Structure formats: C-alpha cells, structure tokens
> 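Once you've had a glance at the structure underneath, I'll fire off some questions.
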Amino acid sequence: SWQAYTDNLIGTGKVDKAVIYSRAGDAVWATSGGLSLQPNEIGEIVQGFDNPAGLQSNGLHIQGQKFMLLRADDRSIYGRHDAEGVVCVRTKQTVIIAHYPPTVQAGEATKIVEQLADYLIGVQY
C-alpha cells in the first residue's frame, strides 16, 4: 500500500504533491497530488544522494522549476525556492519526493516526510 503513504502525506495539507520511487528511480510505486518529474530529474536526484557535488552545480530541478540545494547527504536532499520547497529522502528500497506549498512551513513538511522515512527504514524498506 505505497499509495496510502502518498495519500497520507498530501492529506495532511503540509505536502501537496508526493511520489515514491524505487531506490534506483526506475519505477514509480505511488504518486499523489499530481507530481510529475521531467525526463532526467529523477536521475539527478537519485545520483545526488551519492554525489551531492553533482547537484550543487546545475542545480536541483523538479517539474521544471529549479530549487536551491539547501541540503544533500546520503539520505536527505532538501530543495528551496523562497517559501516553497521539496524534500527528498532515500530509504532502504525507496526514494521519496515531496513538495510543500508557500503557505506551509518548510519544517513541518520536512518532519512528516522524514518520519515516514524513519519508519520505512526501521522496517526494511
């Protein structure tokens, strides 16, 4: 029930679009809110987790829009565009990408997504 996860996220109103990809980014397991990445965007993100410098350059792009790279490590990648942003987290088997709108505080959206990641990881996913 991967779809329930993305529905749960946007249902809170803290995230308006969320997608769950396989760790490799070769398949979409769930999507809610209508998030649709550009042809090479998921690749940049997936690669970014192992090599942030890569992202740092050209930048992080989601649905065409560029986002400042606020953070990038082995498990988390945070995107920023003023009041709006994106949260990318990698678990044992997935890559979760969520977007929060301007009226939502970045911190609240981030907490909700990181907690999903913590749960999944602790349960082997």
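Throughout, numbering of the chain's residues begins at 1 and tracks the sequence. Worth knowing before you read on, the calculation uses all heavy atoms, side chains too, and leaves out hydrogens, waters and symmetry mates.
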> Same cluster or not: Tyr78 versus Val15, using hydrophobic residues (I, L, V, M, F, W, Y) connected whenever any side-chain heavy atoms lie under 4.5 Å apart?
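Same cluster.
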> Surrounding CG of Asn40 (heavy atoms of other residues, nucleotides or ligands, distance under 6.0 Å), is the total greater than 12?
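Incorrect, the count does not exceed 12.
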> With a 3.5 Å distance limit and no angle check, can you tell me whether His61 reaches the backbone of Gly59 through a side-chain donor-acceptor pair?
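Yes: the side chain of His61 pairs with the backbone of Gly59.
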> Mind checking whether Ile62 and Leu35 have side chains closer than 4.5 Å, heavy atoms only?
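In contact.
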> Under the 3.5 angstrom rule, does the side chain of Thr6 hit a backbone N or O of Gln3 as a donor-acceptor pair?
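Answer holds: yes.
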> Calculate, to the nearest 0.5 Å, the distance between atoms OG1 and NZ belonging to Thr31 and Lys17 respectively.
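If I round to the nearest 0.5 Å, the distance is 12.0 Å.
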> So, do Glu84 and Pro102 sit near enough that their side-chain heavy atoms are less than 4.5 Å apart?
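Of all side-chain heavy-atom pairs linking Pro102 with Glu84, at least one is under 4.5 Å.
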> To the nearest 0.5 angstrom, please state how far the NZ atom of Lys111 sits from the CD atom of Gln105.
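It is 12.5 Å, given to the nearest 0.5 Å.
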> Roughly how far, to the nearest 0.5 Å, is the CG atom of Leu116 from the CD1 atom of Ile121?
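It is 10.0 Å, given to the nearest 0.5 Å.
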> Please identify which of these residues, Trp29, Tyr119, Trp2, meets the ring pair (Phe, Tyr, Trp, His ring centres under 6.0 Å) condition with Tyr125.
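Only match with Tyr125 under ring pair (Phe, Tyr, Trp, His ring centres under 6.0 Å): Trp2.
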> Quick one: CG on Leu69 to CD1 on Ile77, what's the gap to the nearest 0.5 Å?
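Interatomic distance, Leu69 CG to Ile77 CD1, rounded to 0.5 Å: 7.0 Å.
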> List the steps and the verdict of side chain to side chain contact (heavy atoms under 4.5 Å, CB included) for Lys92 and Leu120.
CA-CA 8 Å; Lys92 295 284 189 52; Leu120 292 179; over 6 Å; no
> Give a yes or no answer on whether the side chain of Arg23 reaches the backbone of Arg90 with a donor-acceptor pair at less than 3.5 Å.
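Flag not set: sc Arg23 to bb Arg90 has no pair under 3.5 Å.
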> Just how far is it from atom CE of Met68 to atom CD of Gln56, taken to the nearest 0.5 Å?
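Rounded to the nearest 0.5 Å, the CE-CD separation comes to 10.0 Å.
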> Can you tell if the side chain of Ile10 reaches within under 4.5 Å of the side chain of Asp16, non-hydrogen atoms only?
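Counting from C-beta outward, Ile10 and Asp16 never come under 4.5 Å.
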> Group every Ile, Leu, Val, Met, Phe, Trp and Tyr by side-chain heavy-atom contacts under 4.5 Å, then state whether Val19 and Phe67 land in the same group.
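The answer is yes; both residues are in one hydrophobic cluster.
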> Any side-chain heavy-atom pair from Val28 and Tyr21 closer than 4.5 angstrom?
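Touching, per the 4.5 Å side-chain cut-off.
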> Could you check whether any side-chain N or O of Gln93 sits under 3.5 Å from a backbone N or O of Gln124, counting only pairs where one atom can act as donor and the other as acceptor?
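The answer is yes, because a donor-acceptor pair under 3.5 Å joins these two groups.
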> Could you check whether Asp118 pairs with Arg75 (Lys NZ or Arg NE/NH1/NH2 to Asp/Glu carboxylate O, under 4.0 Å)?
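Yes, charged N to carboxylate O under 4.0 Å.
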> So which of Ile20, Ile96, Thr94 actually passes side chain to side chain contact (heavy atoms under 4.5 Å, CB included) with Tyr5?
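By the side chain to side chain contact (heavy atoms under 4.5 Å, CB included) criterion, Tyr5 pairs with just one of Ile20, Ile96, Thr94: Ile20.
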> Rounded to the nearest 0.5 Å, what separates atom CG in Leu9 from atom CD in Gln115?
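Result: 10.5 Å between the selected atoms.
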> Could you check whether any side-chain heavy atom of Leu37 comes within less than 4.5 Å of a side-chain heavy atom of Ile97, counting everything from C-beta outward?
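Touching, per the 4.5 Å side-chain cut-off.
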> Side chains of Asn58 and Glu44, heavy atoms from C-beta outward: is any pair under 4.5 Å?
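A side-chain contact under 4.5 Å exists here.
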> Donor-acceptor check, side chain of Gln63 to backbone of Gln38, threshold 3.5 angstrom: yes or no?
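Looks like no, no N/O pair under 3.5 Å.
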